[PDB]
>>> print(open('upload_36.tsv').read())   # TSV, C-alpha atoms
chain	number	residue	atom	x	y	z
J	1	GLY	CA	132.04	99.05	137.09
J	2	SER	CA	130.75	100.47	140.37
J	3	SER	CA	131.73	104.13	140.60
J	4	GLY	CA	129.83	105.66	143.51
J	5	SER	CA	127.45	104.37	146.17
J	6	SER	CA	126.34	100.75	146.50
J	7	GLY	CA	123.77	98.70	148.39
J	8	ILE	CA	120.32	99.98	149.32
J	9	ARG	CA	119.91	102.24	152.35
J	10	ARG	CA	116.13	102.43	152.72
J	11	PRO	CA	113.33	100.08	151.57
J	12	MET	CA	111.05	100.83	148.63
J	13	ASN	CA	107.36	100.26	147.86
J	14	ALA	CA	105.55	98.86	144.83
J	15	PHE	CA	105.53	102.31	143.24
J	16	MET	CA	109.17	103.06	144.04
J	17	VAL	CA	110.41	99.75	142.62
J	18	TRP	CA	108.49	99.84	139.34
J	19	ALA	CA	109.72	103.43	139.12
J	20	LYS	CA	113.37	102.54	139.74
J	21	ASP	CA	113.27	101.54	136.07
J	22	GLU	CA	110.85	104.18	134.81
J	23	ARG	CA	112.43	107.15	136.59
J	24	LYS	CA	115.63	106.40	134.68
J	25	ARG	CA	113.78	107.19	131.45
J	26	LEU	CA	112.55	110.43	133.01
J	27	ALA	CA	116.04	111.57	134.03
J	28	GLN	CA	117.38	111.15	130.49
J	29	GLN	CA	114.21	112.67	129.04
J	30	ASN	CA	114.44	115.66	131.37
J	31	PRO	CA	118.07	116.45	132.32
J	32	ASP	CA	116.79	119.71	133.82
J	33	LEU	CA	113.94	118.19	135.82
J	34	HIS	CA	114.30	116.69	139.30
J	35	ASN	CA	112.62	113.86	141.21
J	36	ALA	CA	109.71	116.03	142.36
J	37	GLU	CA	109.20	116.66	138.64
J	38	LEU	CA	109.83	113.09	137.51
J	39	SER	CA	107.38	111.64	140.04
J	40	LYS	CA	104.51	113.59	138.47
J	41	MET	CA	105.09	111.21	135.55
J	42	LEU	CA	105.95	108.12	137.59
J	43	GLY	CA	102.60	108.46	139.32
J	44	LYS	CA	100.31	108.94	136.33
J	45	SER	CA	101.92	105.86	134.79
J	46	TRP	CA	101.70	103.94	138.06
J	47	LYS	CA	98.09	104.51	139.15
J	48	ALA	CA	97.25	103.63	135.55
J	49	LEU	CA	98.84	100.19	135.82
J	50	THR	CA	96.64	97.30	136.96
J	51	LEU	CA	96.95	94.70	139.72
J	52	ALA	CA	98.55	92.09	137.47
J	53	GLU	CA	101.01	94.82	136.49
J	54	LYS	CA	101.80	95.66	140.11
J	55	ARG	CA	101.96	91.96	140.97
J	56	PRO	CA	105.65	91.73	139.96
J	57	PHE	CA	106.38	95.12	141.53
J	58	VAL	CA	104.25	94.35	144.59
J	59	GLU	CA	105.79	91.00	145.50
J	60	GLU	CA	109.23	92.59	145.26
J	61	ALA	CA	108.80	95.79	147.27
J	62	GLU	CA	107.18	93.73	150.02
J	63	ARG	CA	110.45	91.82	150.42
J	64	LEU	CA	112.59	94.96	150.51
J	65	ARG	CA	110.41	96.54	153.19
J	66	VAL	CA	110.27	93.52	155.51
J	67	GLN	CA	114.06	93.60	155.34
J	68	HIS	CA	114.58	97.15	156.63
J	69	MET	CA	112.64	95.81	159.62
J	70	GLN	CA	114.84	92.76	160.20
J	71	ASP	CA	117.62	95.19	161.12
J	72	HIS	CA	115.44	96.54	163.94
J	73	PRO	CA	112.43	94.83	165.57
J	74	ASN	CA	111.13	98.32	166.32
J	75	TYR	CA	108.35	97.78	163.79
J	76	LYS	CA	105.82	95.30	165.17
J	77	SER	CA	106.10	92.46	167.68
J	78	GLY	CA	103.46	90.65	169.72
J	79	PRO	CA	101.73	87.43	168.59
J	80	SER	CA	98.49	85.99	169.95
J	81	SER	CA	98.16	83.64	172.92
J	82	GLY	CA	95.52	82.27	175.27
>>> encode(input="upload_36.tsv", output="structure tokens")
Amino acid sequence: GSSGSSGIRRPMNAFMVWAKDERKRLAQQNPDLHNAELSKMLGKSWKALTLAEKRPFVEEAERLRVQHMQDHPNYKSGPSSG
């Protein structure tokens, strides 16, 4: 059941994504701690990960970002021509 907000508002990066799952563990582990506090852990665990580990979280966040742009071309436009 969906009781609350739905759909994503802003895009996420490789770190954010991979965290989306990790953070959850932090929230339950620290019901008194907040994001700012959780991150501290989401980072140490992230930077530690390797390329192959970020591969699955890197090819995903890249798709979410490009999207937020589709809504508005105010990101980057201007190909090459002779």
>>> residues_around(input="upload_36.tsv", residues="range 31-48 of chain J", least_positions_apart="4", cutoff="9 Å", atoms="only C-alpha atoms", output="PDB file with C-alpha atoms, in the frame of the given file")
ATOM      1  CA  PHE J  15     105.530 102.310 143.240  1.00  0.00           C
ATOM      2  CA  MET J  16     109.170 103.060 144.040  1.00  0.00           C
ATOM      3  CA  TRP J  18     108.490  99.840 139.340  1.00  0.00           C
ATOM      4  CA  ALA J  19     109.720 103.430 139.120  1.00  0.00           C
ATOM      5  CA  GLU J  22     110.850 104.180 134.810  1.00  0.00           C
ATOM      6  CA  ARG J  23     112.430 107.150 136.590  1.00  0.00           C
ATOM      7  CA  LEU J  26     112.550 110.430 133.010  1.00  0.00           C
ATOM      8  CA  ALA J  27     116.040 111.570 134.030  1.00  0.00           C
ATOM      9  CA  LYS J  54     101.800  95.660 140.110  1.00  0.00           C
TER      10      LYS J  54
END
>>> atom_distance(input="upload_36.tsv", atom1="CA of residue 69 in chain J", atom2="CA of residue 81 in chain J")
23.1 Å
>>> residues_around(input="upload_36.tsv", residues="residue 63 in chain J", least_positions_apart="3", cutoff="10 Å", atoms="only C-alpha atoms", output="MDAnalysis selection string")
chainID J and resid 11:13 58:60 66:68
>>> closest_residue(input="upload_36.tsv", among="J:79, J:28, J:64, J:51", to="residue 8 in chain J", atoms="all atoms listed in the file")
J:64
